[PDB]
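Visitor: This is my_file_18.csv (CSV, C-alpha atoms).
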```csv
chain,number,residue,atom,x,y,z
D,1,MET,CA,144.6,159.4,120.0
D,2,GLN,CA,147.6,160.6,121.8
D,3,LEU,CA,148.1,160.9,125.6
D,4,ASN,CA,145.3,162.6,127.4
D,5,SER,CA,141.8,162.3,126.0
D,6,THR,CA,143.3,162.5,122.6
D,7,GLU,CA,143.4,158.9,123.6
D,8,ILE,CA,139.6,159.5,123.8
D,9,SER,CA,139.7,162.0,121.0
D,10,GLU,CA,140.9,159.7,118.3
D,11,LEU,CA,139.6,157.0,120.4
D,12,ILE,CA,136.6,158.9,119.3
D,13,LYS,CA,138.3,159.3,116.0
D,14,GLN,CA,139.8,155.9,116.4
D,15,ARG,CA,136.4,155.0,117.7
D,16,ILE,CA,135.3,157.2,114.9
D,17,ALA,CA,137.4,155.0,112.7
D,18,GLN,CA,134.9,152.5,114.0
D,19,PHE,CA,132.5,154.8,115.7
D,20,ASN,CA,129.3,153.4,114.1
D,21,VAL,CA,129.3,150.9,117.0
D,22,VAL,CA,128.4,151.8,120.6
D,23,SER,CA,124.6,152.0,121.3
D,24,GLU,CA,121.7,150.3,123.0
D,25,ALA,CA,117.9,150.3,123.1
D,26,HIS,CA,115.3,150.7,125.8
D,27,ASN,CA,113.0,149.1,125.5
D,28,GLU,CA,113.3,147.8,121.9
D,29,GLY,CA,116.4,145.8,121.9
D,30,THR,CA,116.1,142.1,121.4
D,31,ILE,CA,116.0,138.8,123.2
D,32,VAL,CA,119.7,138.4,123.6
D,33,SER,CA,120.1,134.7,123.8
D,34,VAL,CA,117.4,132.1,124.3
D,35,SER,CA,116.5,128.5,124.4
D,36,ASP,CA,112.9,127.3,125.3
D,37,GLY,CA,111.5,130.8,125.7
D,38,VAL,CA,113.8,132.0,128.5
D,39,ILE,CA,116.1,134.6,127.0
D,40,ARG,CA,119.0,136.6,127.7
D,41,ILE,CA,117.5,140.0,126.8
D,42,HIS,CA,119.3,142.5,124.5
D,43,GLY,CA,118.4,146.1,124.6
D,44,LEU,CA,115.5,147.3,126.7
D,45,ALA,CA,118.1,147.5,129.4
D,46,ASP,CA,116.8,149.7,132.1
D,47,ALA,CA,113.1,149.0,132.7
D,48,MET,CA,110.5,148.4,135.3
D,49,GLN,CA,111.2,144.8,136.5
D,50,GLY,CA,108.4,142.5,135.8
D,51,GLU,CA,106.6,144.6,133.2
D,52,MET,CA,104.7,142.2,131.0
D,53,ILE,CA,106.1,143.2,127.7
D,54,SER,CA,104.3,143.0,124.4
D,55,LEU,CA,105.8,139.8,123.3
D,56,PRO,CA,106.6,138.1,120.0
D,57,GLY,CA,103.7,138.4,117.7
D,58,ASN,CA,101.8,138.5,120.9
D,59,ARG,CA,102.2,138.3,124.6
D,60,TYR,CA,103.2,140.7,127.2
D,61,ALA,CA,106.6,139.1,127.8
D,62,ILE,CA,106.7,138.8,131.6
D,63,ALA,CA,109.9,140.4,132.7
D,64,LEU,CA,111.3,137.9,135.1
D,65,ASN,CA,113.9,139.9,137.1
D,66,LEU,CA,116.9,142.1,136.4
D,67,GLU,CA,119.9,140.2,135.7
D,68,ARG,CA,121.3,143.6,134.8
D,69,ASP,CA,123.0,142.7,131.6
D,70,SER,CA,120.6,140.4,129.8
D,71,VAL,CA,117.4,140.1,131.8
D,72,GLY,CA,115.8,136.8,131.7
D,73,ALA,CA,112.0,137.0,131.2
D,74,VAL,CA,109.1,134.5,131.2
X,1,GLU,CA,140.7,140.4,136.4
X,2,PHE,CA,141.7,136.8,137.1
X,3,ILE,CA,145.0,138.2,135.9
X,4,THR,CA,146.1,134.5,136.0
X,5,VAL,CA,145.0,134.1,132.4
X,6,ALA,CA,146.7,137.5,132.2
X,7,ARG,CA,149.5,135.8,134.2
X,8,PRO,CA,150.0,133.6,131.2
X,9,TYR,CA,149.7,136.8,129.3
X,10,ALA,CA,152.4,138.9,131.1
X,11,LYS,CA,154.4,135.6,130.9
X,12,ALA,CA,154.1,135.7,127.1
X,13,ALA,CA,154.7,139.5,127.4
X,14,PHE,CA,158.2,139.5,129.0
X,15,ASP,CA,158.5,136.3,127.1
X,16,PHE,CA,157.5,136.9,123.4
X,17,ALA,CA,157.1,140.6,123.9
X,18,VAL,CA,160.4,141.2,125.7
X,19,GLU,CA,161.7,138.4,123.5
X,20,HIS,CA,160.6,140.7,120.7
X,21,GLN,CA,161.5,143.5,123.2
X,22,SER,CA,157.9,144.3,122.8
X,23,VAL,CA,157.9,144.4,126.6
X,24,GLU,CA,158.8,148.0,125.8
X,25,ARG,CA,157.6,148.0,122.2
X,26,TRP,CA,154.3,146.5,123.1
X,27,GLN,CA,154.5,148.4,126.3
X,28,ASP,CA,153.8,151.1,123.7
X,29,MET,CA,151.4,148.9,121.6
X,30,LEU,CA,149.9,147.7,124.9
X,31,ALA,CA,149.6,151.2,126.1
X,32,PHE,CA,147.6,152.1,123.0
X,33,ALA,CA,145.4,149.0,123.6
X,34,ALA,CA,144.5,150.0,127.2
X,35,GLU,CA,143.8,153.3,125.4
X,36,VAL,CA,141.4,151.4,123.1
X,37,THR,CA,139.4,149.7,125.8
X,38,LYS,CA,139.8,152.9,127.7
X,39,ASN,CA,137.6,154.3,124.9
X,40,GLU,CA,134.2,154.0,126.6
X,41,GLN,CA,132.1,153.8,123.5
X,42,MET,CA,134.6,151.0,122.8
X,43,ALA,CA,133.5,150.0,126.2
X,44,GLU,CA,129.9,150.8,125.4
X,45,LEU,CA,130.4,148.8,122.3
X,46,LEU,CA,133.0,146.5,124.1
X,47,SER,CA,131.1,143.3,124.1
X,48,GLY,CA,128.0,143.0,122.0
X,49,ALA,CA,130.3,141.1,119.6
X,50,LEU,CA,129.9,137.4,118.9
X,51,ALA,CA,132.7,137.2,116.4
X,52,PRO,CA,135.9,137.9,118.4
X,53,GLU,CA,137.3,138.4,115.0
X,54,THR,CA,134.9,141.3,114.8
X,55,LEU,CA,136.4,142.4,118.1
X,56,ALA,CA,140.1,142.4,117.2
X,57,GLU,CA,138.9,143.8,113.9
X,58,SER,CA,137.1,146.9,115.2
X,59,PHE,CA,139.7,147.0,117.9
X,60,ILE,CA,143.0,147.3,116.3
X,61,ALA,CA,140.9,148.9,113.5
X,62,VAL,CA,139.0,151.4,115.6
X,63,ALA,CA,141.8,152.3,118.0
X,64,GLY,CA,144.4,152.5,115.2
X,65,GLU,CA,146.0,149.1,115.7
X,66,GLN,CA,149.2,150.2,117.5
X,67,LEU,CA,149.4,146.7,118.8
X,68,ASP,CA,152.2,144.6,117.5
X,69,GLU,CA,151.6,141.7,115.1
X,70,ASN,CA,152.7,139.6,118.0
X,71,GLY,CA,149.8,141.7,119.3
X,72,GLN,CA,147.7,141.6,116.2
X,73,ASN,CA,148.0,137.8,115.8
X,74,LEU,CA,148.2,137.7,119.5
X,75,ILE,CA,145.1,140.0,119.2
X,76,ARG,CA,143.7,136.9,117.7
X,77,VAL,CA,145.1,135.0,120.6
X,78,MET,CA,143.6,136.9,123.6
X,79,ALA,CA,140.8,138.5,121.6
X,80,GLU,CA,139.8,135.1,120.4
X,81,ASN,CA,140.5,133.9,123.9
X,82,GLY,CA,138.2,136.7,125.0
X,83,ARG,CA,140.5,137.0,128.0
X,84,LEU,CA,141.3,140.3,126.3
X,85,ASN,CA,138.3,141.4,128.3
X,86,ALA,CA,140.6,142.3,131.2
X,87,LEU,CA,143.2,144.7,130.0
X,88,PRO,CA,145.1,146.0,133.1
X,89,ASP,CA,145.8,142.6,134.8
X,90,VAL,CA,148.9,141.8,132.7
X,91,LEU,CA,149.4,145.5,132.2
X,92,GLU,CA,150.4,145.9,135.9
X,93,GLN,CA,151.8,142.4,135.6
X,94,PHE,CA,153.9,143.7,132.7
X,95,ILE,CA,154.7,146.7,134.7
X,96,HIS,CA,155.6,144.0,137.1
X,97,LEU,CA,157.4,142.3,134.2
X,98,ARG,CA,159.9,145.0,133.2
X,99,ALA,CA,159.6,146.6,136.6
X,100,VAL,CA,159.9,143.5,138.7
X,101,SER,CA,162.9,142.9,136.4
X,102,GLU,CA,164.1,146.4,137.4
X,103,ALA,CA,162.8,146.4,140.9
X,104,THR,CA,164.3,148.8,143.4
X,105,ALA,CA,162.0,150.9,145.6
X,106,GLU,CA,161.1,152.3,149.0
X,107,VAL,CA,158.1,153.1,151.2
X,108,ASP,CA,157.8,156.0,153.6
X,109,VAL,CA,156.8,155.3,157.2
X,110,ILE,CA,155.9,158.1,159.6
X,111,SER,CA,156.5,160.2,156.4
X,112,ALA,CA,155.0,161.7,153.4
X,113,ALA,CA,155.6,159.0,150.7
X,114,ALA,CA,159.1,158.0,149.7
X,115,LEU,CA,159.4,155.2,147.1
X,116,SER,CA,163.1,156.0,146.5
X,117,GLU,CA,164.3,153.1,144.5
X,118,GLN,CA,166.6,151.1,146.8
X,119,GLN,CA,168.0,148.0,145.2
X,120,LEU,CA,169.0,147.0,148.8
X,121,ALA,CA,167.3,147.8,152.1
X,122,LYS,CA,168.6,151.0,153.7
X,123,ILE,CA,170.6,151.3,150.4
X,124,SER,CA,168.7,154.1,148.8
X,125,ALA,CA,166.6,154.3,152.0
X,126,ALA,CA,169.0,155.4,154.7
X,127,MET,CA,170.5,157.3,151.8
X,128,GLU,CA,167.2,159.1,151.3
X,129,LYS,CA,166.3,159.9,155.0
X,130,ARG,CA,169.9,160.6,155.7
X,131,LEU,CA,169.8,162.3,152.3
X,132,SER,CA,166.8,164.2,153.7
X,133,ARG,CA,167.0,167.1,153.2
X,134,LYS,CA,163.3,166.3,153.3
X,135,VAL,CA,163.4,165.0,156.8
X,136,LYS,CA,159.9,166.5,157.2
X,137,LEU,CA,157.8,163.4,156.7
X,138,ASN,CA,155.1,165.9,156.2
X,139,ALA,CA,152.1,163.7,155.6
X,140,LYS,CA,152.9,161.2,158.4
X,141,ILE,CA,155.4,163.6,160.0
X,142,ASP,CA,154.5,164.0,163.6
X,143,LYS,CA,151.0,163.0,164.8
X,144,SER,CA,151.7,159.7,162.9
X,145,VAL,CA,155.2,159.1,164.2
X,146,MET,CA,154.7,160.6,167.7
X,147,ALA,CA,151.4,158.7,167.6
X,148,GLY,CA,153.5,155.7,166.6
X,149,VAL,CA,155.8,155.6,169.7
X,150,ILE,CA,152.9,157.2,171.6
X,151,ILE,CA,150.8,154.6,169.8
X,152,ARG,CA,152.8,152.0,171.6
X,153,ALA,CA,152.4,154.3,174.6
X,154,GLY,CA,148.6,154.4,174.6
X,155,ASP,CA,149.1,150.7,174.1
X,156,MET,CA,150.6,150.9,177.6
X,157,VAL,CA,147.7,153.2,178.6
X,158,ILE,CA,146.0,149.8,178.2
X,159,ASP,CA,146.7,149.8,181.9
X,160,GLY,CA,144.3,152.7,182.0
```
Would you write out, as structure tokens, the structure that this file holds?

Guide:
Amino acid sequence: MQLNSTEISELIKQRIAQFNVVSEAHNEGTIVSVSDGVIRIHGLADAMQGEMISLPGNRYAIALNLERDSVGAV
Amino acid sequence: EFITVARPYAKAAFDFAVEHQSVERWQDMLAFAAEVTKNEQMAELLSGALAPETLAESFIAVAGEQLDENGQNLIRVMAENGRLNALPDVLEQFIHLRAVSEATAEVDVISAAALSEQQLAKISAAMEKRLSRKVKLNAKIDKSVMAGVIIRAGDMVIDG
């Protein structure tokens, strides 16, 4: 909304116009973007790097390293 | 933050905006926009969004859409561009648009800050210090000034 933190108030009520949005999952999430089994990783943001992670249908998806936003993984 | 993309922005801001006089009017609209991204959920939700249409949508939408239509269809322009990612660049470049347009200013040396708008040098400046009054320079008053001339002096103490 208006001026101080009303900006954030009805940016939470302007947000809250939209506010269904902001959120994230850890782990959960999703493989953000992928080709050939290397994926930008969505959700699961903060996690032990290189934690082989139960992977699609099976595997422990091997966490490659933290590219903070969308981790790549093996 | 490239601000160069936002240079073409603030360009089109004085340009189309000030042309629309939105330089002020979408100084208002723009203000509300930086309020929108300023929303941190709106930052937390800032980009997951593939459709930039979804972005300008939930953006004008969420925030309340105080942007112009120059800024709504421009919201298609930068939002679609995704260069909308950086709000403040052309915001201070628009502050630089109208302001640079209006520029007169000052900077206090050996003083607490001045910033008295001087269209010319010494114009509002010597008028301010002369006008001081203030004359205290409090922040940088003494140790800063006396350490300025005495700074040059210790610079002579380079002789040791």

Visitor: Name all residues at most 9 Å from residue 62 (chain X) (count all atoms listed in the file; drop same-chain ones fewer than 6 positions away) and give them as a PyMOL selection string.

Guide: (chain D and resi 10-19) or (chain X and resi 36+42)

Visitor: Tell me which of X:146, X:56, X:3, X:34 sits closest to residue 3 (chain D), counting only C-alpha atoms.

Guide: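 Among the listed residues, X:34 lies closest to residue 3 (chain D).
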
Visitor: Smallest atom-to-atom distance to chain X: which of D:50, D:29, D:57, D:72, using all atoms listed in the file?

Guide: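 Smallest separation from chain X among the options: D:29.
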
Visitor: Calculate how many Å separate CA of residue 38 (chain D) from CA of residue 46 (chain X), rounding to one decimal.

Guide: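 According to the coordinates, CA of residue 38 (chain D) and CA of residue 46 (chain X) are separated by 24.5 Å.
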
Visitor: For residue 112 (chain X), work out the shell of residues within 6 Å, counting all atoms listed in the file and skipping chain neighbours fewer than 5 positions away, then give it as a list in words.

Guide: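 Once the nearby chain positions are removed, what remains is residues 137, 138, 139 and 140 of chain X.
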
Visitor: How about saving the chosen residues, C-alpha atoms kept, as a PDB file, in the coordinates of the input?

Guide:
```pdb
ATOM      1  CA  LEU X 137     157.800 163.400 156.700  1.00  0.00           C
ATOM      2  CA  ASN X 138     155.100 165.900 156.200  1.00  0.00           C
ATOM      3  CA  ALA X 139     152.100 163.700 155.600  1.00  0.00           C
ATOM      4  CA  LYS X 140     152.900 161.200 158.400  1.00  0.00           C
TER       5      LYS X 140
END
```

Visitor: Please find the residues of chain X near chain D - the criterion being any atom within 12 Å, counting all atoms listed in the file - and write them as a PyMOL selection string.

Guide: chain X and resi 28+31-50+54-66

Visitor: Hey, can you spit out that residue selection with C-alpha atoms as an mmCIF file, keeping the file's coordinate frame?

Guide:
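Okay, selection18.cif is ready:
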```cif
data_model
loop_
_atom_site.group_PDB
_atom_site.id
_atom_site.type_symbol
_atom_site.label_atom_id
_atom_site.label_comp_id
_atom_site.auth_asym_id
_atom_site.auth_seq_id
_atom_site.Cartn_x
_atom_site.Cartn_y
_atom_site.Cartn_z
ATOM 1 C CA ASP X 28 153.800 151.100 123.700
ATOM 2 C CA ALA X 31 149.600 151.200 126.100
ATOM 3 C CA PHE X 32 147.600 152.100 123.000
ATOM 4 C CA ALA X 33 145.400 149.000 123.600
ATOM 5 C CA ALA X 34 144.500 150.000 127.200
ATOM 6 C CA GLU X 35 143.800 153.300 125.400
ATOM 7 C CA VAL X 36 141.400 151.400 123.100
ATOM 8 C CA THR X 37 139.400 149.700 125.800
ATOM 9 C CA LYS X 38 139.800 152.900 127.700
ATOM 10 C CA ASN X 39 137.600 154.300 124.900
ATOM 11 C CA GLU X 40 134.200 154.000 126.600
ATOM 12 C CA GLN X 41 132.100 153.800 123.500
ATOM 13 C CA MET X 42 134.600 151.000 122.800
ATOM 14 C CA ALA X 43 133.500 150.000 126.200
ATOM 15 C CA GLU X 44 129.900 150.800 125.400
ATOM 16 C CA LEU X 45 130.400 148.800 122.300
ATOM 17 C CA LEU X 46 133.000 146.500 124.100
ATOM 18 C CA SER X 47 131.100 143.300 124.100
ATOM 19 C CA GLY X 48 128.000 143.000 122.000
ATOM 20 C CA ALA X 49 130.300 141.100 119.600
ATOM 21 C CA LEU X 50 129.900 137.400 118.900
ATOM 22 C CA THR X 54 134.900 141.300 114.800
ATOM 23 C CA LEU X 55 136.400 142.400 118.100
ATOM 24 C CA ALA X 56 140.100 142.400 117.200
ATOM 25 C CA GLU X 57 138.900 143.800 113.900
ATOM 26 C CA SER X 58 137.100 146.900 115.200
ATOM 27 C CA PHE X 59 139.700 147.000 117.900
ATOM 28 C CA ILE X 60 143.000 147.300 116.300
ATOM 29 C CA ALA X 61 140.900 148.900 113.500
ATOM 30 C CA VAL X 62 139.000 151.400 115.600
ATOM 31 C CA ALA X 63 141.800 152.300 118.000
ATOM 32 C CA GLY X 64 144.400 152.500 115.200
ATOM 33 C CA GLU X 65 146.000 149.100 115.700
ATOM 34 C CA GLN X 66 149.200 150.200 117.500
#
```

Visitor: Quick one: residues within 8 Å of residue 89 (chain X), only C-alpha atoms, excluding same-chain residues fewer than 4 positions away - as a PyMOL selection string?

Guide: chain X and resi 1-3+6-7+93

Visitor: Using only C-alpha atoms, which of the listed residues (D:55, D:34, D:45, D:26) sits closest to residue 69 (chain D)?

Guide: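 Ranking D:55, D:34, D:45, D:26 by distance to residue 69 (chain D), first place goes to D:45.
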